[PDB]
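Okay, work.cif is below, mmCIF, C-alpha atoms:
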data_final
loop_
_atom_site.group_PDB
_atom_site.id
_atom_site.type_symbol
_atom_site.label_atom_id
_atom_site.label_comp_id
_atom_site.auth_asym_id
_atom_site.auth_seq_id
_atom_site.Cartn_x
_atom_site.Cartn_y
_atom_site.Cartn_z
ATOM 1 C CA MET B 1 0.000 0.000 0.000
ATOM 2 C CA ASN B 2 1.167 3.554 -0.748
ATOM 3 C CA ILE B 3 -0.090 7.141 -0.391
ATOM 4 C CA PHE B 4 -1.824 7.111 -3.753
ATOM 5 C CA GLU B 5 -3.721 3.908 -3.064
ATOM 6 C CA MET B 6 -4.589 5.113 0.391
ATOM 7 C CA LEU B 7 -6.022 8.439 -0.820
ATOM 8 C CA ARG B 8 -7.806 6.882 -3.576
ATOM 9 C CA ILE B 9 -9.692 4.667 -1.107
ATOM 10 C CA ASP B 10 -10.548 7.681 0.986
ATOM 11 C CA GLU B 11 -11.555 10.065 -1.804
ATOM 12 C CA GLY B 12 -12.973 7.867 -4.569
ATOM 13 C CA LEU B 13 -12.903 8.733 -8.289
ATOM 14 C CA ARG B 14 -15.547 10.864 -10.021
ATOM 15 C CA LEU B 15 -15.286 12.114 -13.554
ATOM 16 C CA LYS B 16 -18.121 14.681 -13.283
ATOM 17 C CA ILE B 17 -18.210 17.765 -11.053
ATOM 18 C CA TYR B 18 -19.642 16.780 -7.669
ATOM 19 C CA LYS B 19 -20.187 18.178 -4.140
ATOM 20 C CA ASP B 20 -17.899 17.503 -1.101
ATOM 21 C CA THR B 21 -19.164 16.079 2.068
ATOM 22 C CA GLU B 22 -18.951 19.751 2.689
ATOM 23 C CA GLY B 23 -21.129 20.819 -0.184
ATOM 24 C CA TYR B 24 -18.180 21.980 -2.209
ATOM 25 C CA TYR B 25 -17.612 21.584 -5.834
ATOM 26 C CA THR B 26 -14.984 18.892 -6.543
ATOM 27 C CA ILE B 27 -13.835 16.602 -9.260
ATOM 28 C CA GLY B 28 -11.511 13.569 -9.753
ATOM 29 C CA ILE B 29 -9.842 12.206 -6.710
ATOM 30 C CA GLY B 30 -10.882 14.798 -4.133
ATOM 31 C CA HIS B 31 -9.680 17.849 -6.083
ATOM 32 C CA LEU B 32 -11.652 20.817 -4.615
ATOM 33 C CA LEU B 33 -12.509 23.330 -7.323
ATOM 34 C CA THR B 34 -14.165 26.184 -5.426
ATOM 35 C CA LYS B 35 -15.919 26.884 -2.155
ATOM 36 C CA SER B 36 -18.318 29.121 -4.104
ATOM 37 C CA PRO B 37 -21.913 28.179 -4.679
ATOM 38 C CA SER B 38 -21.989 28.529 -8.464
ATOM 39 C CA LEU B 39 -21.631 25.595 -10.651
ATOM 40 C CA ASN B 40 -20.533 28.198 -13.030
ATOM 41 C CA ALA B 41 -17.575 29.377 -10.968
ATOM 42 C CA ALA B 42 -16.721 25.682 -10.575
ATOM 43 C CA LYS B 43 -16.871 25.040 -14.276
ATOM 44 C CA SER B 44 -14.572 27.930 -14.877
ATOM 45 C CA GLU B 45 -12.011 26.763 -12.343
ATOM 46 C CA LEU B 46 -12.163 23.311 -13.936
ATOM 47 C CA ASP B 47 -11.297 24.556 -17.383
ATOM 48 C CA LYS B 48 -8.511 26.713 -15.890
ATOM 49 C CA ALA B 49 -7.150 23.623 -14.082
ATOM 50 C CA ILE B 50 -7.211 21.301 -17.122
ATOM 51 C CA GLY B 51 -6.451 23.728 -19.914
ATOM 52 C CA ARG B 52 -9.441 22.947 -22.010
ATOM 53 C CA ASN B 53 -13.111 23.296 -22.222
ATOM 54 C CA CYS B 54 -14.407 20.514 -20.130
ATOM 55 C CA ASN B 55 -18.047 21.245 -19.739
ATOM 56 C CA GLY B 56 -17.856 19.766 -16.200
ATOM 57 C CA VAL B 57 -16.420 16.432 -17.295
ATOM 58 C CA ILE B 58 -12.807 15.087 -17.361
ATOM 59 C CA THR B 59 -11.061 11.839 -18.391
ATOM 60 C CA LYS B 60 -9.377 9.313 -15.987
ATOM 61 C CA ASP B 61 -6.140 10.579 -17.246
ATOM 62 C CA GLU B 62 -6.869 14.166 -16.330
ATOM 63 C CA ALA B 63 -8.157 13.029 -12.930
ATOM 64 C CA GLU B 64 -4.869 11.269 -12.211
ATOM 65 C CA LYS B 65 -2.895 14.233 -13.426
ATOM 66 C CA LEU B 66 -4.634 16.487 -10.945
ATOM 67 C CA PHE B 67 -4.111 13.776 -8.312
ATOM 68 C CA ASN B 68 -0.314 13.658 -8.921
ATOM 69 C CA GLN B 69 -0.171 17.501 -8.586
ATOM 70 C CA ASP B 70 -2.192 17.539 -5.388
ATOM 71 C CA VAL B 71 -0.105 14.861 -3.646
ATOM 72 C CA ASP B 72 3.171 16.617 -4.652
ATOM 73 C CA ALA B 73 1.808 19.952 -3.379
ATOM 74 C CA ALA B 74 0.774 18.295 -0.110
ATOM 75 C CA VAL B 75 4.238 16.828 0.526
ATOM 76 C CA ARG B 76 5.990 20.099 -0.387
ATOM 77 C CA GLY B 77 3.675 22.042 1.782
ATOM 78 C CA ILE B 78 4.441 19.785 4.783
ATOM 79 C CA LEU B 79 8.191 20.269 4.084
ATOM 80 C CA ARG B 80 7.893 24.066 3.947
ATOM 81 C CA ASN B 81 5.785 24.285 6.980
ATOM 82 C CA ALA B 82 7.535 25.186 10.292
ATOM 83 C CA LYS B 83 4.965 23.379 12.335
ATOM 84 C CA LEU B 84 4.580 20.350 10.100
ATOM 85 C CA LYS B 85 8.104 19.614 9.006
ATOM 86 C CA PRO B 86 9.495 18.589 12.341
ATOM 87 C CA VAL B 87 6.654 16.182 12.968
ATOM 88 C CA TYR B 88 7.013 14.667 9.464
ATOM 89 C CA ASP B 89 10.770 14.172 9.924
ATOM 90 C CA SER B 90 10.184 12.468 13.225
ATOM 91 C CA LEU B 91 7.744 9.854 11.900
ATOM 92 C CA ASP B 92 8.212 6.436 10.226
ATOM 93 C CA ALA B 93 7.076 5.840 6.601
ATOM 94 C CA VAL B 94 3.518 4.605 7.323
ATOM 95 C CA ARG B 95 2.700 7.388 9.788
ATOM 96 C CA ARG B 96 4.149 9.846 7.284
ATOM 97 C CA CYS B 97 1.426 8.786 4.897
ATOM 98 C CA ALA B 98 -1.272 9.468 7.586
ATOM 99 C CA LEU B 99 -0.098 13.090 7.979
ATOM 100 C CA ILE B 100 -0.028 13.480 4.190
ATOM 101 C CA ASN B 101 -3.645 12.236 4.085
ATOM 102 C CA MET B 102 -4.772 14.862 6.644
ATOM 103 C CA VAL B 103 -2.988 17.660 4.779
ATOM 104 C CA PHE B 104 -4.614 16.596 1.493
ATOM 105 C CA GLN B 105 -8.134 16.636 3.124
ATOM 106 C CA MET B 106 -7.767 19.705 5.255
ATOM 107 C CA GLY B 107 -4.884 21.819 3.992
ATOM 108 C CA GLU B 108 -1.604 22.827 5.732
ATOM 109 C CA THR B 109 -3.297 25.412 7.814
ATOM 110 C CA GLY B 110 -5.983 23.188 9.157
ATOM 111 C CA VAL B 111 -3.611 20.428 10.224
ATOM 112 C CA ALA B 112 -1.156 22.915 11.721
ATOM 113 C CA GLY B 113 -3.986 23.894 14.054
ATOM 114 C CA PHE B 114 -3.940 20.448 15.697
ATOM 115 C CA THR B 115 -1.194 21.664 18.044
ATOM 116 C CA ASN B 116 -1.665 19.226 20.858
ATOM 117 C CA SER B 117 -1.939 16.123 18.649
ATOM 118 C CA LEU B 118 1.148 17.122 16.646
ATOM 119 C CA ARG B 119 3.038 17.411 19.952
ATOM 120 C CA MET B 120 2.007 13.964 21.026
ATOM 121 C CA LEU B 121 2.821 12.400 17.630
ATOM 122 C CA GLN B 122 6.288 13.912 17.842
ATOM 123 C CA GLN B 123 6.650 12.360 21.290
ATOM 124 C CA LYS B 124 5.496 8.993 19.911
ATOM 125 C CA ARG B 125 2.615 8.785 22.344
ATOM 126 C CA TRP B 126 0.425 6.962 19.874
ATOM 127 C CA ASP B 127 -2.511 6.006 22.049
ATOM 128 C CA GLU B 128 -2.765 9.459 23.534
ATOM 129 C CA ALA B 129 -2.562 11.179 20.254
ATOM 130 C CA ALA B 130 -5.324 8.940 18.756
ATOM 131 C CA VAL B 131 -7.688 9.879 21.561
ATOM 132 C CA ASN B 132 -6.837 13.625 21.091
ATOM 133 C CA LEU B 133 -7.283 13.583 17.229
ATOM 134 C CA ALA B 134 -10.821 12.151 17.757
ATOM 135 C CA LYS B 135 -11.861 15.233 19.583
ATOM 136 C CA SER B 136 -12.369 17.350 16.488
ATOM 137 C CA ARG B 137 -14.889 18.516 13.978
ATOM 138 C CA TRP B 138 -12.911 16.430 11.514
ATOM 139 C CA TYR B 139 -13.733 13.138 13.279
ATOM 140 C CA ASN B 140 -17.368 14.065 13.930
ATOM 141 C CA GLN B 141 -18.047 15.073 10.289
ATOM 142 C CA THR B 142 -16.154 12.150 8.546
ATOM 143 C CA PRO B 143 -15.804 9.543 11.262
ATOM 144 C CA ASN B 144 -15.090 6.399 9.073
ATOM 145 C CA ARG B 145 -12.286 8.106 7.195
ATOM 146 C CA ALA B 146 -10.918 9.919 10.344
ATOM 147 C CA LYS B 147 -10.906 6.575 12.099
ATOM 148 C CA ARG B 148 -8.895 4.910 9.346
ATOM 149 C CA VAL B 149 -6.293 7.689 9.564
ATOM 150 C CA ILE B 150 -6.297 7.590 13.277
ATOM 151 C CA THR B 151 -5.723 3.822 13.399
ATOM 152 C CA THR B 152 -2.868 4.373 11.001
ATOM 153 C CA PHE B 153 -1.224 6.799 13.443
ATOM 154 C CA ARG B 154 -1.951 4.498 16.387
ATOM 155 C CA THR B 155 -0.471 1.297 14.883
ATOM 156 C CA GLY B 156 1.968 2.326 12.209
ATOM 157 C CA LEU B 157 0.470 -0.551 10.115
ATOM 158 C CA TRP B 158 -1.792 -0.542 6.985
ATOM 159 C CA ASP B 159 -4.569 -2.701 8.460
ATOM 160 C CA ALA B 160 -7.352 -0.042 8.416
ATOM 161 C CA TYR B 161 -7.042 -0.066 4.660
ATOM 162 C CA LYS B 162 -6.833 -3.892 4.282
ATOM 163 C CA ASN B 163 -10.394 -4.324 4.795
ATOM 164 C CA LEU B 164 -11.074 -1.658 2.217
#
Take the structure I supplied and represent it as structure tokens, if you would.
Amino acid sequence: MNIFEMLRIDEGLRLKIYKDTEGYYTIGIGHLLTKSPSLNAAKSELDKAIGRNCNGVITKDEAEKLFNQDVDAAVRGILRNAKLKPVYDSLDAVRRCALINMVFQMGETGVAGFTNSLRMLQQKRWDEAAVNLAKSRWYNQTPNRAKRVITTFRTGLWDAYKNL
């Protein structure tokens, strides 16, 4: 299992503009287009993103291309971030993927706000950190996905995704 396979389980694949769990306009493998309410703003962002007139629909190919850009941007953002970088460096390869997953879902900023959990992960207090991560909007809004990520941080194994 790798980061791409993991995110693709969590996000799914949709070739037509769709709404987030959040109500936001998205396409592909969890690629947010706009937080704006107009399908029209969304369509516009889509064509800007792909470089063609898409009419709200993309190919698999284009979906994966956006996916490769998003994952790269997530990793680079972690590495540029003063709060994130140290945690990332301190973790093993599997847990590294769990932080990447959060950053992809919630952005650099959002994850950097989980001050106390970050602190515990750096200290390698896995069980404590898992309990602390669960106390969030994040877990309450998308509990099955949060729980997969959380188990990943707790165990350092890929089991949560085996099932799936």
Test item: the PyMOL selection byres ((chain B and resi 145) around 12) resolved as a ChimeraX atom specification: /B:6-12,21,98,101-102,105,134,138-144,146-152,160-161,164
Selection under test: the PyMOL selection byres ((chain B and resi 114-123) around 12); residues as a PyMOL selection string: chain B and resi 83-92+95-96+98-99+102-103+106-113+124-138+150+152-156
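When all atoms listed in the file are used to measure the gap to residue 97 (chain B), the shortest distance among B:47, B:5, B:22, B:62 belongs to B:5.
Nearest to residue 59 (chain B) of all the residues B:82, B:73, B:1, B:17 is B:17, counting only C-alpha atoms.
Computed from the coordinates, the CA of residue 14 (chain B) to CA of residue 28 (chain B) distance equals 4.9 Å.
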Contacts of residue 74 (chain B) at 6 Å (all atoms listed in the file; same-chain gap of 3+ positions) as a PyMOL selection string: chain B and resi 71+77+104
Å distance separating CA of residue 57 (chain B) from CA of residue 35 (chain B), one decimal place: 18.4 Å
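Here the question is which of B:100, B:63, B:54, B:93 gets nearest to residue 76 (chain B) using only C-alpha atoms, and that residue is B:100.
Between CA of residue 163 (chain B) and CA of residue 19 (chain B) the separation is 26.1 Å.
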Selection under test: the PyMOL selection byres ((chain B and resi 23) around 12); residues as a list in words: residues 17, 18, 19, 20, 21, 22, 24, 25, 26, 32, 33, 34, 35, 36, 37, 38 and 39 of chain B
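Here the question is which of B:56, B:13, B:67, B:29 gets nearest to residue 41 (chain B) using all atoms listed in the file, and that residue is B:56.
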Residue among B:162, B:157, B:3, B:31 lying closest to residue 75 (chain B), counting only C-alpha atoms: B:3
For residue 94 (chain B), the nearest of the candidates B:30, B:81, B:55, B:158, counting only C-alpha atoms: B:158
